[PDB]
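Engineer: in the first instance, please consider these chains from the complex; the rest will follow:
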Amino acid sequence: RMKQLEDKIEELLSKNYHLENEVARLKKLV
């Protein structure tokens, strides 16, 4: 379960980075 939590942290971190990229992409449009 330790490994599952670790994988989810890595997964969420990647998702957050994507969303941060998206914010930047969307800002640039503006």
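Structural biologist: Right, received. Where do you want to start? Residues are numbered from 1 along each chain as shown, chains lettered A, B, ... in the order given.
Engineer: from residue A:19, how far off is residue A:25?
Structural biologist: The spacing between residue A:25 and residue A:19, counted by C-beta to C-beta, to the nearest Å, is 10 Å. Any C-beta I mention is one placed from the backbone N, CA and C, and that applies to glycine too.
Engineer: check residue A:4 too.
Structural biologist: Computed with C-beta to C-beta, the distance linking residue A:4 and residue A:19 is 22 Å.
Engineer: report how many residues lie close to residue A:18.
Structural biologist: Residue crowding around residue A:18 was assessed by other C-beta atoms under 10 Å; the count is 10.
Engineer: same thing with the one 4 residues further on?
Structural biologist: Using other C-beta under 10 Å, residue A:22 is surrounded by 10 other residues.
Engineer: can you add chain B next? sequence is:
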Amino acid sequence: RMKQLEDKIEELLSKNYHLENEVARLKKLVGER
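Structural biologist: Chain B goes in next, on the same frame as the chains above:
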């Protein structure tokens, strides 16, 4: 250690939702989706 990992998930998930909310607002402004 479980507690630490779980706290990290709850932290990142909250950050995720705040970013999603912002992306949603910006998409509307620029008239994306």
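Engineer: once more on the neighbour count of residue A:18, this time with chain B?
Structural biologist: A count of neighbours around residue A:18, defined by other C-beta atoms under 10 Å in any protein chain shown, yields 13.
Engineer: how about residue A:5?
Structural biologist: By the measure other C-beta under 10 Å, the count of residues near residue A:5 is 16.
Engineer: ok, residue A:1 next?
Structural biologist: The criterion is other C-beta under 10 Å. On that basis, residue A:1 has 7 neighbouring residues.
Engineer: in space, what's closest to it - neighbours in sequence excluded?
Structural biologist: The spatially closest residue to residue A:1, leaving aside those adjacent along the chain, is residue B:2, at 7.4 Å (C-beta to C-beta, 6 or more residues apart in numbering or on different chains).
Engineer: that neighbour and residue A:4 touch, don't they?
Structural biologist: No - Residue B:2 is beyond contact range of residue A:4, at 10.7 Å (criterion: C-beta atoms under 8 Å).
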